[PDB]
Protein chains: 4
Amino acid sequence: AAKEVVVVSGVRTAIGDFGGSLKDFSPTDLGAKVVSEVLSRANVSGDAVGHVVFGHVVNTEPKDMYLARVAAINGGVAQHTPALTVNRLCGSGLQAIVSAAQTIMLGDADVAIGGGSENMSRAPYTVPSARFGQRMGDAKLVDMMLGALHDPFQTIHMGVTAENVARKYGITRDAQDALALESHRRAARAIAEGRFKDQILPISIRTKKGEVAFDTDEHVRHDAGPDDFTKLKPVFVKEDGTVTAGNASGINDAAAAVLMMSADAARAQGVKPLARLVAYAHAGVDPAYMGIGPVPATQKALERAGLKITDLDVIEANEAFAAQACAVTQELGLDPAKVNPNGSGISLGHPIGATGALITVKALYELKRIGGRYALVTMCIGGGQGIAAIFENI
Amino acid sequence: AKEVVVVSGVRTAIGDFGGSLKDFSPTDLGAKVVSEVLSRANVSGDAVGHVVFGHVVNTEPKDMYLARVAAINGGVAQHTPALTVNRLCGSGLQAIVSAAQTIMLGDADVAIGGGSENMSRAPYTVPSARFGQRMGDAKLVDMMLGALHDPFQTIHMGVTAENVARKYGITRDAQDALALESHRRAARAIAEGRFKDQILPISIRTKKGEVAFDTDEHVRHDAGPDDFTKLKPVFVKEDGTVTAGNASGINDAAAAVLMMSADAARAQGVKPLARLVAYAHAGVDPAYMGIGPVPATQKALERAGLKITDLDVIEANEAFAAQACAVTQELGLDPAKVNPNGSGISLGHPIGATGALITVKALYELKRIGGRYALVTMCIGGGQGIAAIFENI
Amino acid sequence: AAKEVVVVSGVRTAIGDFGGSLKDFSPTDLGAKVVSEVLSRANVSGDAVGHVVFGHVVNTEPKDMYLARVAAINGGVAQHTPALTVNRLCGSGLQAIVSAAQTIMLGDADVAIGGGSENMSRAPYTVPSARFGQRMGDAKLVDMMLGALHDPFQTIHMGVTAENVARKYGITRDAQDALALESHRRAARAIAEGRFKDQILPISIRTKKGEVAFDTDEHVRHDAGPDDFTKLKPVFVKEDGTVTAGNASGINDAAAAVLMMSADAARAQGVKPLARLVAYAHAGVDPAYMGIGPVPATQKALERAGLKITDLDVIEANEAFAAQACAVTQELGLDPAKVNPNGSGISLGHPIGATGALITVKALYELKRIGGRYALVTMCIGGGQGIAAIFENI
Amino acid sequence: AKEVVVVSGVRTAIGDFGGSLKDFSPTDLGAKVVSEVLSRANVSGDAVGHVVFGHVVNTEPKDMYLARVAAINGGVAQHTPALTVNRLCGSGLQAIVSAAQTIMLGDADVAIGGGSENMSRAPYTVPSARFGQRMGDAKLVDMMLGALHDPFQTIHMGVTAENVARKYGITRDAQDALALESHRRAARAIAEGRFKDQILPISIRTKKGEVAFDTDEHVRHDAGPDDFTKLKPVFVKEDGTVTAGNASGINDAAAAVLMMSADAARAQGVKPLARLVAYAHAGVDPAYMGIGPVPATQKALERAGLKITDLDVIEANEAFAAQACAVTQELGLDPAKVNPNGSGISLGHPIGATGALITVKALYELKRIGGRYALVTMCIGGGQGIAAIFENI
Ligand SMILES: CC(C)(COP(=O)(O)OP(=O)(O)OC[C@H]1O[C@@H](n2cnc3c(N)ncnc32)[C@H](O)[C@@H]1OP(=O)(O)O)[C@@H](O)C(=O)NCCC(=O)NCCS
Ligand SMILES: CC(C)(COP(=O)(O)OP(=O)(O)OC[C@H]1O[C@@H](n2cnc3c(N)ncnc32)[C@H](O)[C@@H]1OP(=O)(O)O)[C@@H](O)C(=O)NCCC(=O)NCCS
Ligand SMILES: CC(C)(COP(=O)(O)OP(=O)(O)OC[C@H]1O[C@@H](n2cnc3c(N)ncnc32)[C@H](O)[C@@H]1OP(=O)(O)O)[C@@H](O)C(=O)NCCC(=O)NCCS
Ligand SMILES: CC(C)(COP(=O)(O)OP(=O)(O)OC[C@H]1O[C@@H](n2cnc3c(N)ncnc32)[C@H](O)[C@@H]1OP(=O)(O)O)[C@@H](O)C(=O)NCCC(=O)NCCS
């Protein structure tokens, strides 16, 4: 059978705004930071790591094609450790955790780090005609960030697929704005109560007035009210729109990681862990409706775990767009009070390749906060996919 | 862990930098080999549990969706998950491993593993373009050359090949020797038609009409030892040995294999090419990445319960003659069994697709000689190696 | 002999900061604005113009290679009028006036417009390898703005030549900072007293809060004191520097123009003009000391006019760098009280191709303000030149 | 207004787009013709009162200093003022006019007027690069093609040539006729060596050694009427006539003339080529800019007190056959006296240098036929024309 996977430690950066506090930190710099910190939290030597896997979508510089290896080596992991970068779009961060967990399940490693790192502020433009020349006529610089946010089959923004989902599943503008407002209020309450303090790694952000610690998610609106969202206009369609800048997730910068071990290695070391991995699942859907990806992925994961929706104490289902996040909660029959109890992509931001790892960290720390047992982590995936994993607080 | 069988495989011919495939995007090449492996195995596009593609250098936004685009446009149903993986030059074998693991773990009965890379279309980036440079000249960054630079010392992969040449005693004469033979083995393979069955031809619409690209165009068919010893070292100015002639080329290509669980294969009447025996990974000093295959291979043989002398076929990619010689040397391999039909130096090195492409070669060579065991291994920029062993069945 | 040239009207925009209030206004848009306004001030039909000449240095878009013609046609000048763009670097704006005056002197036109337009905020980057490709290796985007500010023989910033002049002519840091502070105080006094109101054309700058009129030079520091300049560090040399961001001219955006006529056409029409052109002169100097260009150019112009330094009531000598502006005043024996009485490039900005026309407008309006008789307009020129003209209030 | 004499002149051979001069910057070419005109006239670099160069498309930062760089690196003293002027395709004749005016007004006794343009090196710009694009694709702007677009309707100069073809009745057969003859006149001139004395050879360092570029390489020496009537219209899709064959090329070159006051020439013993008789400017409808030469020429003849039949040589640049035919037609010129040795269609159109270059041709042709009066005129994008008349002396 497959070895049991224990999540012993986890950490995330605070999430930076587009062009904001982390704009000068490369994806490999952020990844190295969370690698070194998870090792310290788990009391694991950098020489004792069997595998490193990082999720990451938008290469910002040549180093990023080496992202997992640079994050590992600069995070203090020995050079004998293999390192893999994976890309499943917005599912990449949770995919990294699954792929790292798989090396343990299969006996290839007793210790593995899975994380994600993304700096969208530093996403580049390309010049396709630069290598061999354009000769004559105007050419383009291609926005690789916006390009990543376009479905590659119809060349429509993710936000257009969110309208497709809104229309198909009956998710009104008012429903979307209610979810968005509530996400910000939940995030502001979590910040005010200190719910995120233990799971965040502060970053010193060298300012001209001296160094200051960036340790709070800066996308959150702390005094938001209903009229802030009603006044906004739809951003992705010219007719009959519902998706706005306020009820869509942000574009953001962050990194996060967990350190996992075989259950036997965790017993022998005597660690006091966060959780164990119960099950995971993948699904594919119509690309034009990629936002409901989490529905089949969650149903499959629950089947593998032998659990039911009502067994879930904590659900982190990323708010890519209120339009799809509502449809997911509705189609699954989830209690909105248990779903994203401290906010999600709309209020905290959506650093795409890191999101899936960062919301895993959130989920496991929330289980500890409430003494809960099972958490579900799931998210939708551009191109038409879903990914889901279930963890047990132990 | 379920048993994993390869039922089909295919590759494109390997295009030169700026050559016959320069107009074919990585997702275009990927979809072509996906469709072809399904039809070779006679497997419905609706029956695929997972698709994994290796790929390193994004040439356009669609490339961040590469596996999904290759799968959908290759005829795989939208309900199949798709993953792109990047372990640099090991990415193509990694995709096959990652796809096999979905089968081993019971997540899927059928999985496609492949790789796709178009280095000709590798882009230049402008890191200052989004928020501006404000004042002062700015950089147009060669993402292809940057992929070929170690990220810790910012030296070309070829500088690490020189390091490996010094440490292990690989001479210039030795490097040019392997390079010449590789070209001679490749030219012989092409003449005898050894690659015919494993290559998917591609129509490369020319002004002269509609021609088929089905031959690896990097090969020098008239090569003589003088051709290599005249060239000059290109990566270190003095006391150097790696040249353009004894180093792999920059190339474009795609390849894939389709795998199934043993049970699912039985239950479909599909004559499997081979079976997966074992795989392994290794990390090494980045400055000496070219020696990564040695520990990875040793670790793979250990897991397989096999010895070097049990290998009838070895596909060990020739990133640099300086590195490939030291691999063969440190492992104790018979050079007649290693890359018997050429490799990176002669056939080219389409980095993200290479590991999948030489897996296809290794398996077709096993069938050609009636062998049992084949080893596939390659080095990895940044300091790693990857290796896999297959059994002809 | 040569016909006498009357300056009947003139106008300038307010000067915008780098990245500031005029950043969205192209050079041909600004030029068209001042063309239409000078025609209106002089009561001259757009169908009665014999020639248009504009100074302009840094092309921002393809239209700018047609700059004079676009400014003329869009400013309401008939299509039968010839239009010429000239480039003598920072002397271009006054060169345009001289070249336009020359068509009148030679009997080619009885009416001619001379102006300058520059938007440095919109200066582009080029990609030299884009047309035919780079093939392999990194390339560069070339800053055409900074490039224009580099001497083309030694590839040193204009600011390095300013240090050369400071050293050769004994212009201390304290002397440079005294000039800079005084320039801002003079500009702030002129603004507070309304000295510039009649010569500036307001521009409506479409903001999100509604339209607002940009009519005040925004580079001026109104509460400047000596310590603001002493604290700054030298910007152009690593050793023994004196030139700073505070005592160097700014990078700026603006346009300006005058309308001239033959004296006979001015008599017949009965215009009430600003001034007449008395003389002009050019000079070349060592490129490494281009900042003293105005000295020989001024001496030559005075000789042609049969005037002496002491006959000058108003001097507009552009403050490119305090280092050279001091050396010019010192070598010529000018009274600093008469030189740039209302500020200059350090305080108001230096929109290079427009500066020479804009400070001509300043000079002629200042003559009217004080009832003076003769004004000198002069400036230094990258590559090692000077240009000067003398005008008489009539 | 003092009398202005031309004592010397020179031009480069005209390079094709991407051809033999592609590696020579505009300031490099400018300095070469500056040095050569000084030495041809035997005039000290210290004796020059003014330098003016026409030039349209900045290829690099130094180009904004073009006249000054051409003058200094061409041996002119640093005390000489230097001006760059831009009247689009008239810039090269404008520079000669502007330089002559400094002499006419007594500001100078000696002045150089020239032009320099390297369209091959014309750049792409990124208007968003300084302050950033933030989000969304951005433009890489072709500054060369943009220079060839009218700024009011954003149509190619060739679209205005079609407008001119309709208004004045210039047929396709008529255009291809002029194009063929131009090429035949140019090929004859080159064969007979007519351009030998006016061309400054340039060494264009090749891998085959050190070769001299001294022949206008746009010329088709084997041209036959079938070559032009087979080509298709390129600027309007339907009901079109201007083709790649009957339109001028995109080209690189430089040229200059040195002028002095009559007195200063006498006082130096310098045998002057010719004398400036008159010049004139005209504005026209931008949509019909190609007809600008007609009023400019009429206005120049009026000032000169001459008639069309007094002109022994006419250099009227062939921007487009459609436009040049209408110019000759509306002025009533003998086509045997107009561009007797080819022009823009056959020799090329290095825009900023053209007006200076064809002035050199016109003067050398006057000496070759013993003529008296020569006319130099050309059209101007945006709707202008410029014309000058010289007297052989
Ligand atoms: C929606 C989107 C196009 C907007 O981009 P943006 O303009 O850069 O976003 P910003 O927050 O900076 O600006 C939005 C504007 O609405 C306003 N706004 C946004 N949220 C608001 C809120 N909760 N309350 C009030 N106003 C709000 C901003 O203040 C701002 O107004 P301003 O210009 O006056 O300052 C972008 O965020 C996006 O694409 N999001 C989803 C990305 C995605 O697809 N992720 C993966 C999907 S699977
Ligand atoms: C070595 C390298 C820098 C050279 O690149 P390149 O110069 O553009 O390649 P080219 O073949 O176009 O040019 C090389 C020259 O040597 C010659 N040459 C190359 N191989 C030759 C051979 N086997 N025999 C004789 N001559 C040869 C070419 O003809 C060519 O000469 P030419 O320009 O006159 O026609 C590049 O191929 C490279 O980086 N290879 C290694 C790739 C790599 O790092 N892979 C992954 C690392 S793990
Ligand atoms: C000097 C130069 C390189 C500085 O460029 P810059 O950094 O963009 O200029 P800025 O005014 O925006 O910034 C300068 C800094 O000094 C400070 N500063 C400038 N002038 C100041 C003053 N009078 N008092 C106090 N502080 C001042 C700015 O506030 C700013 O500080 P900050 O970053 O904390 O806000 C540039 O202005 C230049 O090149 N000038 C001369 C151009 C030229 O050569 N023209 C033609 C020559 S012939
Ligand atoms: C017309 C124009 C757009 C064509 O540009 P181009 O296609 O890059 O020029 P090329 O010569 O490389 O290609 C044209 C094709 O027609 C053919 N051709 C051109 N002239 C020919 C001729 N006289 N006879 C036969 N064939 C000819 C070329 O061989 C070539 O064919 P190929 O590509 O198979 O070799 C460009 O030359 C142009 O814009 N000219 C006008 C310039 C201008 O506007 N000047 C100022 C205006 S006032």
# chains A, B, ... in the order shown; residues from 1 in each chain; ligands from 1

call {"tool": "select_by_dssp", "arguments": {"residues": "range 164-312 of chain B", "states": "strand (DSSP E or B)", "output": "tab-separated table (two decimals) with N, CA, C and O atoms, in the first residue's frame"}}
result
chain	number	residue	atom	x	y	z
B	199	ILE	N	9.48	7.77	-35.73
B	199	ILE	CA	9.40	9.19	-36.07
B	199	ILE	C	8.02	9.47	-36.65
B	199	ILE	O	7.55	8.75	-37.53
B	200	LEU	N	7.38	10.53	-36.14
B	200	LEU	CA	6.16	11.06	-36.74
B	200	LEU	C	6.56	12.12	-37.76
B	200	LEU	O	7.09	13.16	-37.37
B	202	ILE	N	6.30	15.31	-40.24
B	202	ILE	CA	5.58	16.58	-40.12
B	202	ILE	C	5.72	17.32	-41.44
B	202	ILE	O	6.84	17.49	-41.95
B	203	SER	N	4.60	17.79	-41.99
B	203	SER	CA	4.62	18.58	-43.21
B	203	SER	C	5.03	20.00	-42.89
B	203	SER	O	4.35	20.69	-42.12
B	206	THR	N	6.55	24.42	-47.50
B	206	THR	CA	7.57	25.25	-48.11
B	206	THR	C	7.03	25.94	-49.36
B	206	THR	O	5.92	25.65	-49.82
B	209	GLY	N	6.54	23.62	-52.18
B	209	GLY	CA	5.40	22.74	-52.10
B	209	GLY	C	5.08	22.29	-50.69
B	209	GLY	O	5.09	23.10	-49.75
B	212	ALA	N	7.82	16.73	-46.39
B	212	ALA	CA	7.73	16.02	-45.12
B	212	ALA	C	9.08	16.07	-44.41
B	212	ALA	O	10.10	15.69	-44.98
B	213	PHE	N	9.06	16.53	-43.17
B	213	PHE	CA	10.23	16.56	-42.31
B	213	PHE	C	10.20	15.31	-41.45
B	213	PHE	O	9.40	15.20	-40.52
B	233	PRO	N	37.73	26.03	-28.72
B	233	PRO	CA	36.87	26.00	-27.52
B	233	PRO	C	36.05	27.27	-27.41
B	233	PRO	O	36.53	28.37	-27.72
B	243	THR	N	33.93	22.37	-27.54
B	243	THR	CA	33.77	23.13	-28.77
B	243	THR	C	32.32	23.02	-29.25
B	243	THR	O	31.51	22.28	-28.69
B	247	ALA	N	29.92	19.50	-28.49
B	247	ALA	CA	28.81	19.85	-27.61
B	247	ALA	C	27.48	19.63	-28.33
B	247	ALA	O	27.39	19.76	-29.56
B	251	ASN	N	17.93	22.63	-30.14
B	251	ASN	CA	17.05	21.96	-31.09
B	251	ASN	C	15.59	22.00	-30.65
B	251	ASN	O	15.28	22.30	-29.50
B	252	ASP	N	14.71	21.71	-31.62
B	252	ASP	CA	13.26	21.71	-31.44
B	252	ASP	C	12.70	20.31	-31.68
B	252	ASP	O	13.09	19.64	-32.63
B	253	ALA	N	11.79	19.86	-30.82
B	253	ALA	CA	11.14	18.57	-31.05
B	253	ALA	C	10.09	18.29	-29.98
B	253	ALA	O	9.98	19.01	-28.98
B	254	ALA	N	9.34	17.21	-30.18
B	254	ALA	CA	8.41	16.70	-29.18
B	254	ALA	C	8.40	15.17	-29.24
B	254	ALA	O	8.82	14.57	-30.23
B	255	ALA	N	7.96	14.56	-28.15
B	255	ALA	CA	7.85	13.10	-28.07
B	255	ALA	C	6.89	12.74	-26.95
B	255	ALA	O	6.69	13.52	-26.02
B	256	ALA	N	6.32	11.54	-27.04
B	256	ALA	CA	5.42	11.06	-26.00
B	256	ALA	C	5.41	9.54	-25.97
B	256	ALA	O	5.77	8.86	-26.94
B	257	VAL	N	5.02	9.00	-24.80
B	257	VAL	CA	4.71	7.59	-24.64
B	257	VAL	C	3.36	7.51	-23.94
B	257	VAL	O	3.01	8.36	-23.11
B	258	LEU	N	2.60	6.46	-24.26
B	258	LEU	CA	1.34	6.15	-23.61
B	258	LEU	C	1.57	4.91	-22.74
B	258	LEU	O	2.16	3.93	-23.21
B	259	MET	N	1.12	4.97	-21.50
B	259	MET	CA	1.31	3.89	-20.55
B	259	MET	C	-0.03	3.50	-19.97
B	259	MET	O	-0.97	4.30	-19.93
B	260	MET	N	-0.11	2.25	-19.52
B	260	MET	CA	-1.29	1.74	-18.84
B	260	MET	C	-0.85	0.81	-17.71
B	260	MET	O	0.26	0.29	-17.71
B	261	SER	N	-1.74	0.62	-16.74
B	261	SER	CA	-1.55	-0.45	-15.77
B	261	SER	C	-1.51	-1.79	-16.49
B	261	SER	O	-2.05	-1.95	-17.59
B	274	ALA	N	7.15	-2.15	-23.71
B	274	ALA	CA	8.03	-2.51	-22.61
B	274	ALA	C	7.31	-2.31	-21.28
B	274	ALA	O	6.12	-2.01	-21.23
B	275	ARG	N	8.06	-2.49	-20.19
B	275	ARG	CA	7.56	-2.29	-18.83
B	275	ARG	C	8.55	-1.43	-18.06
B	275	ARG	O	9.77	-1.52	-18.27
B	276	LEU	N	8.02	-0.61	-17.16
B	276	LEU	CA	8.85	0.21	-16.29
B	276	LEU	C	9.41	-0.66	-15.17
B	276	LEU	O	8.65	-1.29	-14.42
B	277	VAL	N	10.73	-0.68	-15.03
B	277	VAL	CA	11.37	-1.46	-13.98
B	277	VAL	C	11.63	-0.62	-12.75
B	277	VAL	O	11.23	-0.99	-11.64
B	278	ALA	N	12.30	0.53	-12.91
B	278	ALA	CA	12.64	1.39	-11.78
B	278	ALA	C	13.02	2.77	-12.30
B	278	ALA	O	13.29	2.95	-13.49
B	279	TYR	N	13.04	3.74	-11.40
B	279	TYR	CA	13.53	5.08	-11.69
B	279	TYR	C	14.24	5.61	-10.45
B	279	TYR	O	14.04	5.10	-9.35
B	280	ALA	N	15.04	6.65	-10.64
B	280	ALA	CA	15.69	7.26	-9.49
B	280	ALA	C	16.14	8.67	-9.84
B	280	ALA	O	16.32	9.01	-11.00
B	281	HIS	N	16.34	9.47	-8.79
B	281	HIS	CA	16.80	10.84	-8.89
B	281	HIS	C	18.06	11.04	-8.06
B	281	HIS	O	18.29	10.33	-7.08
B	282	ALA	N	18.84	12.05	-8.42
B	282	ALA	CA	20.04	12.39	-7.68
B	282	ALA	C	20.32	13.88	-7.78
B	282	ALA	O	20.02	14.53	-8.78
B	283	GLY	N	20.91	14.42	-6.72
B	283	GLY	CA	21.42	15.79	-6.71
B	283	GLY	C	22.93	15.76	-6.59
B	283	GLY	O	23.48	14.91	-5.88
B	311	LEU	N	22.30	-4.40	-18.71
B	311	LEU	CA	21.73	-3.42	-19.63
B	311	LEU	C	22.16	-3.73	-21.06
B	311	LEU	O	23.36	-3.69	-21.38
B	312	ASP	N	21.19	-4.05	-21.91
B	312	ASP	CA	21.46	-4.26	-23.33
B	312	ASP	C	21.45	-2.96	-24.12
B	312	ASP	O	22.13	-2.88	-25.16

call {"tool": "interface_residues", "arguments": {"of": "chain B", "to": "chain D", "cutoff": "8 Å", "atoms": "only C-alpha atoms", "output": "PyMOL selection string"}}
result
chain B and resi 128-135

call {"tool": "closest_residue", "arguments": {"among": "D:59, D:309, D:341, D:91", "to": "residue 192 in chain D", "atoms": "only C-alpha atoms"}}
result
D:341

call {"tool": "residues_near_ligand", "arguments": {"ligand": "ligand 2", "cutoff": "7 Å", "atoms": "only C-alpha atoms and all ligand atoms", "output": "PyMOL selection string"}}
result
chain B and resi 89+148+157-158+179+220+223+227-228+231+234+243-250+290+319+349+351+379-381

call {"tool": "closest_atom_pairs", "arguments": {"of": "chain D", "to": "chain C", "cutoff": "7 Å", "atoms": "only C-alpha atoms", "output": "tab-separated table"}}
result
residue	atom	partner	partner_atom	distance
D:56	CA	C:65	CA	6.5
D:61	CA	C:147	CA	4.8
D:62	CA	C:152	CA	5.4
D:64	CA	C:57	CA	6.5
D:68	CA	C:383	CA	6.8
D:78	CA	C:285	CA	5.5
D:79	CA	C:284	CA	3.8
D:80	CA	C:284	CA	5.1
D:81	CA	C:284	CA	5.2
D:83	CA	C:88	CA	5.3
D:84	CA	C:87	CA	5.1
D:85	CA	C:86	CA	4.5
D:86	CA	C:85	CA	5.1
D:87	CA	C:84	CA	5.4
D:123	CA	C:128	CA	5.4
D:124	CA	C:127	CA	5.5
D:125	CA	C:126	CA	4.3
D:126	CA	C:125	CA	5.5
D:127	CA	C:124	CA	5.0
D:129	CA	C:125	CA	6.3
D:130	CA	C:124	CA	6.7
D:143	CA	C:62	CA	5.8
D:146	CA	C:62	CA	4.8
D:147	CA	C:62	CA	5.6
D:151	CA	C:63	CA	5.5
D:281	CA	C:82	CA	6.4
D:282	CA	C:82	CA	5.9
D:283	CA	C:80	CA	3.7
D:284	CA	C:80	CA	5.2
D:285	CA	C:79	CA	6.0
D:382	CA	C:69	CA	6.9
D:384	CA	C:82	CA	6.5

call {"tool": "residues_near_ligand", "arguments": {"ligand": "ligand 1", "cutoff": "8 Å", "atoms": "only C-alpha atoms and all ligand atoms", "output": "PyMOL selection string"}}
result
(chain A and resi 18+90+146+149-150+157-159+180-181+184+221+224-225+228-229+231-232+235-236+243-251+290-291+320-321+347+350+352+380-382) or (chain D and resi 135)

call {"tool": "atom_distance", "arguments": {"atom1": "CA of residue 377 in chain A", "atom2": "CA of residue 234 in chain A"}}
result
28.7 Å

call {"tool": "closest_residue", "arguments": {"among": "C:267, C:135, C:33, C:208", "to": "chain A", "atoms": "only C-alpha atoms"}}
result
C:135

call {"tool": "residues_around", "arguments": {"residues": "residue 221 in chain B", "least_positions_apart": "4", "cutoff": "9 Å", "atoms": "only C-alpha atoms", "output": "PyMOL selection string"}}
result
chain B and resi 183-184+186-188

call {"tool": "write_last_selection", "arguments": {"atoms": "N, CA, C and O atoms", "output": "compact mmCIF listing (two decimals), in the first residue's frame"}}
result
# COMPACT_ATOMS: atom_id res chain seq x y z
N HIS B 183 28.12 11.03 -34.50
CA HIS B 183 27.65 11.42 -35.83
C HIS B 183 27.65 10.23 -36.78
O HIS B 183 26.75 10.09 -37.62
N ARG B 184 28.64 9.34 -36.66
CA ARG B 184 28.71 8.18 -37.54
C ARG B 184 27.64 7.17 -37.18
O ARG B 184 27.04 6.55 -38.07
N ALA B 186 24.74 7.94 -35.82
CA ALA B 186 23.47 8.52 -36.24
C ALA B 186 23.28 8.39 -37.74
O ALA B 186 22.21 8.00 -38.21
N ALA B 187 24.32 8.72 -38.52
CA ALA B 187 24.22 8.62 -39.97
C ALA B 187 23.95 7.18 -40.40
O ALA B 187 23.19 6.94 -41.35
N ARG B 188 24.54 6.22 -39.70
CA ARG B 188 24.27 4.81 -40.00
C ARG B 188 22.84 4.45 -39.65
O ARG B 188 22.15 3.79 -40.44

call {"tool": "residues_around", "arguments": {"residues": "range 166-178 of chain A", "least_positions_apart": "6", "cutoff": "7 Å", "atoms": "only C-alpha atoms", "output": "list in words"}}
result
residues 229, 242, 247, 322, 323, 324, 326 and 327 of chain A

call {"tool": "select_by_dssp", "arguments": {"residues": "range 46-219 of chain C", "states": "helix (DSSP H, G or I)", "output": "PyMOL selection string"}}
result
chain C and resi 46-48+62-74+92-105+144-148+158-169+173-193

call {"tool": "residues_around", "arguments": {"residues": "range 31-34 of chain B", "least_positions_apart": "2", "cutoff": "9 Å", "atoms": "only C-alpha atoms", "output": "ChimeraX atom specification"}}
result
/B:9-12,26-29,36-39,67,69-76,112,114,200,202,254-258

call {"tool": "closest_residue", "arguments": {"among": "D:270, D:204, D:333, D:347", "to": "ligand 4", "atoms": "only C-alpha atoms and all ligand atoms"}}
result
D:347

call {"tool": "atom_distance", "arguments": {"atom1": "CA of residue 100 in chain D", "atom2": "CA of residue 98 in chain C"}}
result
14.8 Å

call {"tool": "decode", "arguments": {"residues": "range 194-203 of chain B", "atoms": "N, CA and C atoms", "output": "short mmCIF file (atom, residue, chain, number, x, y, z; two decimals), in the first residue's frame"}}
result
data_model
loop_
_atom_site.label_atom_id
_atom_site.label_comp_id
_atom_site.auth_asym_id
_atom_site.auth_seq_id
_atom_site.Cartn_x
_atom_site.Cartn_y
_atom_site.Cartn_z
N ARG B 194 16.69 2.91 -39.04
CA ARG B 194 16.37 2.51 -37.67
C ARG B 194 15.35 3.43 -37.03
N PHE B 195 15.33 4.70 -37.41
CA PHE B 195 14.42 5.67 -36.81
C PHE B 195 13.07 5.74 -37.51
N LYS B 196 12.89 5.00 -38.61
CA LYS B 196 11.70 5.19 -39.44
C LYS B 196 10.41 4.98 -38.66
N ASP B 197 10.33 3.91 -37.88
CA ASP B 197 9.08 3.55 -37.22
C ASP B 197 8.76 4.42 -36.01
N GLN B 198 9.75 5.06 -35.41
CA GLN B 198 9.53 5.84 -34.21
C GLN B 198 9.33 7.33 -34.48
N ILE B 199 9.48 7.77 -35.73
CA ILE B 199 9.40 9.19 -36.07
C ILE B 199 8.02 9.47 -36.65
N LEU B 200 7.38 10.53 -36.14
CA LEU B 200 6.16 11.06 -36.74
C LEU B 200 6.56 12.12 -37.76
N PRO B 201 6.37 11.89 -39.07
CA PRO B 201 6.69 12.94 -40.05
C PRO B 201 5.79 14.14 -39.85
N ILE B 202 6.30 15.31 -40.24
CA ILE B 202 5.58 16.58 -40.12
C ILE B 202 5.72 17.32 -41.44
N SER B 203 4.60 17.79 -41.99
CA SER B 203 4.62 18.58 -43.21
C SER B 203 5.03 20.00 -42.89
#
